[PDB]
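entry_12.pdb (PDB, C-alpha atoms and all ligand atoms)
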ATOM      1  CA  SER A   7       5.048  12.827   2.245  1.00  0.00           C
ATOM      2  CA  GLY A   8       2.130  14.246   0.220  1.00  0.00           C
ATOM      3  CA  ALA A   9      -0.378  17.072   0.012  1.00  0.00           C
ATOM      4  CA  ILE A  10      -3.857  17.962  -1.234  1.00  0.00           C
ATOM      5  CA  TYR A  11      -3.917  20.806  -3.784  1.00  0.00           C
ATOM      6  CA  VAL A  12      -7.393  22.390  -3.906  1.00  0.00           C
ATOM      7  CA  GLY A  13      -7.969  25.899  -5.235  1.00  0.00           C
ATOM      8  CA  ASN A  14      -5.110  28.075  -3.972  1.00  0.00           C
ATOM      9  CA  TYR A  15      -4.512  25.905  -0.909  1.00  0.00           C
ATOM     10  CA  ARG A  16      -1.948  23.180  -0.063  1.00  0.00           C
ATOM     11  CA  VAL A  17      -3.071  20.838   2.770  1.00  0.00           C
ATOM     12  CA  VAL A  18      -0.270  18.916   4.502  1.00  0.00           C
ATOM     13  CA  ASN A  19       0.390  17.063   7.751  1.00  0.00           C
ATOM     14  CA  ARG A  20       1.319  19.794  10.274  1.00  0.00           C
ATOM     15  CA  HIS A  21       4.287  17.698  11.405  1.00  0.00           C
ATOM     16  CA  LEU A  22       5.709  17.683   7.830  1.00  0.00           C
ATOM     17  CA  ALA A  23       5.062  21.393   6.997  1.00  0.00           C
ATOM     18  CA  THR A  24       8.038  23.200   5.385  1.00  0.00           C
ATOM     19  CA  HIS A  25       9.349  26.720   6.169  1.00  0.00           C
ATOM     20  CA  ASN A  26       7.564  27.942   3.000  1.00  0.00           C
ATOM     21  CA  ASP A  27       4.289  26.456   4.364  1.00  0.00           C
ATOM     22  CA  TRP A  28       4.715  28.361   7.684  1.00  0.00           C
ATOM     23  CA  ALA A  29       5.678  31.580   5.838  1.00  0.00           C
ATOM     24  CA  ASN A  30       2.437  31.379   3.730  1.00  0.00           C
ATOM     25  CA  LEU A  31       0.164  30.009   6.467  1.00  0.00           C
ATOM     26  CA  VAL A  32      -3.632  29.982   6.154  1.00  0.00           C
ATOM     27  CA  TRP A  33      -4.603  27.696   9.084  1.00  0.00           C
ATOM     28  CA  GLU A  34      -3.059  25.069  11.366  1.00  0.00           C
ATOM     29  CA  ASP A  35      -4.369  22.754  14.118  1.00  0.00           C
ATOM     30  CA  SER A  36      -1.961  20.553  16.070  1.00  0.00           C
ATOM     31  CA  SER A  37      -4.853  18.479  17.557  1.00  0.00           C
ATOM     32  CA  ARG A  38      -5.786  17.404  13.985  1.00  0.00           C
ATOM     33  CA  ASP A  39      -2.185  17.208  12.570  1.00  0.00           C
ATOM     34  CA  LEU A  40      -3.221  19.559   9.753  1.00  0.00           C
ATOM     35  CA  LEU A  41      -1.698  22.710   8.204  1.00  0.00           C
ATOM     36  CA  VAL A  42      -2.900  24.665   5.148  1.00  0.00           C
ATOM     37  CA  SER A  43      -0.719  27.094   3.211  1.00  0.00           C
ATOM     38  CA  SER A  44      -1.468  29.341   0.190  1.00  0.00           C
ATOM     39  CA  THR A  45      -0.279  28.533  -3.376  1.00  0.00           C
ATOM     40  CA  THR A  46       0.308  30.643  -6.464  1.00  0.00           C
ATOM     41  CA  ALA A  47      -0.968  27.973  -8.912  1.00  0.00           C
ATOM     42  CA  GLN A  48      -4.490  26.440  -8.755  1.00  0.00           C
ATOM     43  CA  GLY A  49      -4.770  22.820  -7.688  1.00  0.00           C
ATOM     44  CA  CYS A  50      -6.765  19.981  -9.256  1.00  0.00           C
ATOM     45  CA  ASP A  51      -8.004  18.023  -6.251  1.00  0.00           C
ATOM     46  CA  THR A  52     -11.677  18.294  -5.246  1.00  0.00           C
ATOM     47  CA  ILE A  53     -12.732  17.745  -1.609  1.00  0.00           C
ATOM     48  CA  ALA A  54     -15.427  15.130  -0.897  1.00  0.00           C
ATOM     49  CA  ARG A  55     -18.528  16.498   0.857  1.00  0.00           C
ATOM     50  CA  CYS A  56     -20.182  13.219   1.826  1.00  0.00           C
ATOM     51  CA  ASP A  57     -20.661  10.484   4.418  1.00  0.00           C
ATOM     52  CA  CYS A  58     -18.566   7.725   2.758  1.00  0.00           C
ATOM     53  CA  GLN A  59     -16.957   5.156   5.177  1.00  0.00           C
ATOM     54  CA  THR A  60     -15.244   3.211   2.300  1.00  0.00           C
ATOM     55  CA  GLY A  61     -12.590   4.537  -0.062  1.00  0.00           C
ATOM     56  CA  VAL A  62      -9.055   4.071  -1.345  1.00  0.00           C
ATOM     57  CA  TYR A  63      -5.763   5.413   0.020  1.00  0.00           C
ATOM     58  CA  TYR A  64      -2.238   5.753  -1.372  1.00  0.00           C
ATOM     59  CA  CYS A  65       0.560   3.925   0.512  1.00  0.00           C
ATOM     60  CA  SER A  66       3.989   5.225  -0.611  1.00  0.00           C
ATOM     61  CA  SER A  67       5.859   2.387   1.187  1.00  0.00           C
ATOM     62  CA  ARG A  68       4.066  -0.077  -1.137  1.00  0.00           C
ATOM     63  CA  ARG A  69       3.596   2.124  -4.282  1.00  0.00           C
ATOM     64  CA  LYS A  70      -0.045   0.983  -4.121  1.00  0.00           C
ATOM     65  CA  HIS A  71      -3.567   2.279  -3.630  1.00  0.00           C
ATOM     66  CA  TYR A  72      -5.596   0.092  -1.218  1.00  0.00           C
ATOM     67  CA  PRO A  73      -9.377  -0.069  -0.767  1.00  0.00           C
ATOM     68  CA  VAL A  74     -10.320   0.372   2.878  1.00  0.00           C
ATOM     69  CA  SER A  75     -13.267   0.657   5.244  1.00  0.00           C
ATOM     70  CA  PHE A  76     -12.626   3.451   7.778  1.00  0.00           C
ATOM     71  CA  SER A  77     -14.216   4.677  11.017  1.00  0.00           C
ATOM     72  CA  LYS A  78     -16.048   8.001  11.359  1.00  0.00           C
ATOM     73  CA  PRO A  79     -13.916  11.024  12.389  1.00  0.00           C
ATOM     74  CA  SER A  80     -13.299  10.738  16.138  1.00  0.00           C
ATOM     75  CA  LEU A  81     -10.989  11.601  19.069  1.00  0.00           C
ATOM     76  CA  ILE A  82      -8.426   8.738  19.061  1.00  0.00           C
ATOM     77  CA  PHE A  83      -5.454   8.186  21.412  1.00  0.00           C
ATOM     78  CA  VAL A  84      -2.186   8.195  19.438  1.00  0.00           C
ATOM     79  CA  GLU A  85       1.115   6.949  20.956  1.00  0.00           C
ATOM     80  CA  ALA A  86       4.158   9.240  21.395  1.00  0.00           C
ATOM     81  CA  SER A  87       6.246   9.679  18.297  1.00  0.00           C
ATOM     82  CA  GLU A  88       9.231  11.924  17.438  1.00  0.00           C
ATOM     83  CA  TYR A  89       6.560  14.555  16.298  1.00  0.00           C
ATOM     84  CA  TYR A  90       3.984  14.564  19.127  1.00  0.00           C
ATOM     85  CA  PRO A  91       3.726  13.232  22.725  1.00  0.00           C
ATOM     86  CA  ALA A  92       1.036  10.544  23.381  1.00  0.00           C
ATOM     87  CA  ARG A  93      -2.236  12.502  23.074  1.00  0.00           C
ATOM     88  CA  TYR A  94      -5.791  12.518  21.660  1.00  0.00           C
ATOM     89  CA  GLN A  95      -5.843  13.460  17.978  1.00  0.00           C
ATOM     90  CA  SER A  96      -9.209  14.803  16.803  1.00  0.00           C
ATOM     91  CA  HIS A  97     -11.087  14.220  13.495  1.00  0.00           C
ATOM     92  CA  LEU A  98      -9.072  10.995  12.933  1.00  0.00           C
ATOM     93  CA  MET A  99     -10.439   7.937  11.075  1.00  0.00           C
ATOM     94  CA  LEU A 100      -8.839   4.479  11.408  1.00  0.00           C
ATOM     95  CA  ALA A 101      -8.662   1.564   8.987  1.00  0.00           C
ATOM     96  CA  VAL A 102      -6.750  -1.717   8.706  1.00  0.00           C
ATOM     97  CA  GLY A 103      -3.806  -1.183   6.371  1.00  0.00           C
ATOM     98  CA  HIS A 104      -0.108  -0.616   6.018  1.00  0.00           C
ATOM     99  CA  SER A 105       1.301   2.754   7.195  1.00  0.00           C
ATOM    100  CA  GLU A 106       4.892   3.104   8.153  1.00  0.00           C
ATOM    101  CA  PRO A 107       7.099   6.147   8.710  1.00  0.00           C
ATOM    102  CA  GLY A 108       7.039   8.208   5.440  1.00  0.00           C
ATOM    103  CA  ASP A 109       3.457   7.299   4.388  1.00  0.00           C
ATOM    104  CA  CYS A 110       1.946  10.438   5.938  1.00  0.00           C
ATOM    105  CA  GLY A 111       0.437  12.670   3.296  1.00  0.00           C
ATOM    106  CA  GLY A 112      -0.990   9.951   1.092  1.00  0.00           C
ATOM    107  CA  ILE A 113      -4.549  10.736  -0.014  1.00  0.00           C
ATOM    108  CA  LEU A 114      -7.671   8.822   1.060  1.00  0.00           C
ATOM    109  CA  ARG A 115     -10.461   9.344  -1.538  1.00  0.00           C
ATOM    110  CA  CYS A 116     -13.936   8.175  -2.412  1.00  0.00           C
ATOM    111  CA  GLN A 117     -16.112   8.674  -5.620  1.00  0.00           C
ATOM    112  CA  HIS A 118     -16.836  12.268  -4.392  1.00  0.00           C
ATOM    113  CA  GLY A 119     -13.251  13.425  -4.056  1.00  0.00           C
ATOM    114  CA  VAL A 120     -10.534  13.693  -1.407  1.00  0.00           C
ATOM    115  CA  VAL A 121     -11.579  12.587   2.113  1.00  0.00           C
ATOM    116  CA  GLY A 122      -8.312  13.160   4.030  1.00  0.00           C
ATOM    117  CA  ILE A 123      -4.598  12.289   4.290  1.00  0.00           C
ATOM    118  CA  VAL A 124      -2.593   9.619   6.088  1.00  0.00           C
ATOM    119  CA  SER A 125      -1.585  10.913   9.572  1.00  0.00           C
ATOM    120  CA  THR A 126      -0.922   7.804  11.807  1.00  0.00           C
ATOM    121  CA  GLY A 127       0.225   4.124  11.332  1.00  0.00           C
ATOM    122  CA  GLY A 128       1.792   1.015  12.840  1.00  0.00           C
ATOM    123  CA  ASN A 129       0.362  -2.217  14.168  1.00  0.00           C
ATOM    124  CA  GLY A 130      -1.335  -2.956  10.843  1.00  0.00           C
ATOM    125  CA  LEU A 131      -3.524   0.194  11.266  1.00  0.00           C
ATOM    126  CA  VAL A 132      -3.580   3.432   9.247  1.00  0.00           C
ATOM    127  CA  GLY A 133      -5.181   6.677  10.515  1.00  0.00           C
ATOM    128  CA  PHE A 134      -6.404   9.503   8.267  1.00  0.00           C
ATOM    129  CA  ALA A 135      -6.922  13.160   9.168  1.00  0.00           C
ATOM    130  CA  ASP A 136     -10.406  14.009   7.783  1.00  0.00           C
ATOM    131  CA  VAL A 137     -10.824  17.268   5.780  1.00  0.00           C
ATOM    132  CA  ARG A 138     -14.534  16.918   4.728  1.00  0.00           C
ATOM    133  CA  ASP A 139     -15.727  19.405   7.381  1.00  0.00           C
ATOM    134  CA  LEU A 140     -13.312  22.203   6.197  1.00  0.00           C
ATOM    135  CA  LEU A 141     -15.828  23.830   3.899  1.00  0.00           C
ATOM    136  CA  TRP A 142     -13.707  26.919   3.406  1.00  0.00           C
ATOM    137  CA  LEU A 143     -11.224  24.891   1.310  1.00  0.00           C
ATOM    138  CA  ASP A 144     -13.825  25.218  -1.551  1.00  0.00           C
ATOM    139  CA  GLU A 145     -13.818  29.054  -1.626  1.00  0.00           C
ATOM    140  CA  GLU A 146     -11.303  31.990  -2.085  1.00  0.00           C
TER     141      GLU A 146
HETATM  142  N1  LIG B 201      -0.392  12.116  13.714  1.00  0.00           N
HETATM  143  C1  LIG B 201       0.480  11.609  14.579  1.00  0.00           C
HETATM  144  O1  LIG B 201       0.442  11.845  15.792  1.00  0.00           O
HETATM  145  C2  LIG B 201       1.563  10.723  13.987  1.00  0.00           C
HETATM  146  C3  LIG B 201       2.906  11.466  13.850  1.00  0.00           C
HETATM  147  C4  LIG B 201       3.931  10.575  13.151  1.00  0.00           C
HETATM  148  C5  LIG B 201       4.098   9.267  13.910  1.00  0.00           C
HETATM  149  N2  LIG B 201       2.800   8.594  14.093  1.00  0.00           N
HETATM  150  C6  LIG B 201       2.550   7.318  13.737  1.00  0.00           C
HETATM  151  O2  LIG B 201       1.438   6.848  13.859  1.00  0.00           O
HETATM  152  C7  LIG B 201       3.727   6.423  13.301  1.00  0.00           C
HETATM  153  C8  LIG B 201       3.232   5.282  12.393  1.00  0.00           C
HETATM  154  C9  LIG B 201       4.345   4.385  11.863  1.00  0.00           C
HETATM  155  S1  LIG B 201       5.238   3.535  13.190  1.00  0.00           S
HETATM  156  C10 LIG B 201       5.665   5.009  14.148  1.00  0.00           C
HETATM  157  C11 LIG B 201       4.439   5.832  14.529  1.00  0.00           C
HETATM  158  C12 LIG B 201       1.787   9.421  14.764  1.00  0.00           C
HETATM  159 ZN    ZN B 202     -17.806  10.091  -0.763  1.00  0.00          ZN
END

Could you render the structure from this file as structure tokens?
Amino acid sequence: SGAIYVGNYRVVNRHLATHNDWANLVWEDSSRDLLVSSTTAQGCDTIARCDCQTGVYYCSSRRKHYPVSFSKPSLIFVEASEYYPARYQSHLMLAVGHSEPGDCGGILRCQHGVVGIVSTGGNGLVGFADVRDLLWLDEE
């Protein structure tokens, strides 16, 4: 589990969105596994607006932040899970690292801010949904 809190937005994995998220919906995209809801309180996270390909992510199943090198956002084939059939997920970046069921939502960050959140795992790989192109997260 996990979310990004920027401005008056909460960014979560679409597959983990709550009823309150859906009832206060700003934007959702199943192809990216992302959903953004509105919040009453202002958040403290800042979104990275950069071209970093190295950063650090939080892995809840290890209680640890790991440094990783990750691929550029791309259209990657993801196997069927209990949340989606086997399909192409867009704006996904892969790295070598631990990601098991429950790690979705952990933040990937660089020196500039938040880059994305854990969205896929298994096989010693971890995939992150990028958020750096969602410029509107920085404004009202
Ligand atoms: N964004 C997605 O399509 C993900 C939805 C949740 C399931 N998923 C995974 O990668 C898990 C990783 C741990 S082993 C089981 C498969 C894919
Ligand atoms: Zn950066």

Next on the checklist: ligand ZN 202 (chain B): which residues are within 7 Å, counting all atoms listed in the file? Reply as an NGL selection string.
Outcome noted: :A and (54-58 or 116-119)

Next on the checklist: Measuring between all atoms listed in the file, which one of A:49, A:122, A:79, A:91 shows the shortest distance to residue 64 of chain A?
Outcome noted: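 Comparing A:49, A:122, A:79, A:91 against residue 64 of chain A, the winner is A:122.
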
Item to check | Residues within 8 Å of ligand LIG 201 (chain B), counting only C-alpha atoms and all ligand atoms, as a ChimeraX atom specification | outcome: /A:19,21,38-39,84-93,95,105-108,110,125-129,132-133

Checklist entry - Can you list, as a ChimeraX atom specification, every protein, DNA or RNA residue that comes within 7 Å of residue 8 of chain A when you count only C-alpha atoms, leaving out same-chain residues fewer than 2 positions away? => result /A:18,110-112

Next on the checklist: Just checking: using only C-alpha atoms, which residue out of A:136, A:51, A:109, A:144 ends up closest to residue 67 of chain A?
Outcome noted: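 Going through A:136, A:51, A:109, A:144 one by one, the smallest distance to residue 67 of chain A is for A:109.
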
Item to check | Nearest to residue 23 of chain A by atom-to-atom distance, counting only C-alpha atoms, from A:10, A:121, A:99, A:41 | outcome: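 Nearest to residue 23 of chain A: A:41.
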
Next on the checklist: Report, in Å to a single decimal, how far apart atom CA of residue 70 of chain A and atom CA of residue 17 of chain A are.
Outcome noted: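 Computed distance, atom CA of residue 17 of chain A to atom CA of residue 70 of chain A, equals 21.2 Å.
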
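We find atom CA of residue 32 of chain A and atom CA of residue 139 of chain A to be spaced 16.1 Å apart.
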
Next on the checklist: From the options A:63, A:94, A:134, A:11, which residue's atoms come nearest to residue 45 of chain A, counting all atoms listed in the file?
Outcome noted: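 So, comparing all the options, the nearest one is A:11.
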
Next on the checklist: Using only C-alpha atoms and a cutoff of 6 Å, can you tell me which residues are near (-10.0, 2.1, 11.1) in the file's coordinates, and write them out as JSON, numbers by chain?
Outcome noted: {"A": [76, 77, 99, 100, 101, 102]}

Item to check | Which of A:53, A:29, A:113, A:74 sits closest to residue 12 of chain A [using only C-alpha atoms] | outcome: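 For residue 12 of chain A, the nearest of the given residues is A:53.
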
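With all atoms listed in the file as the atoms that count, the residue of A:143, A:75, A:68, A:81 with the shortest distance to residue 43 of chain A is A:143.
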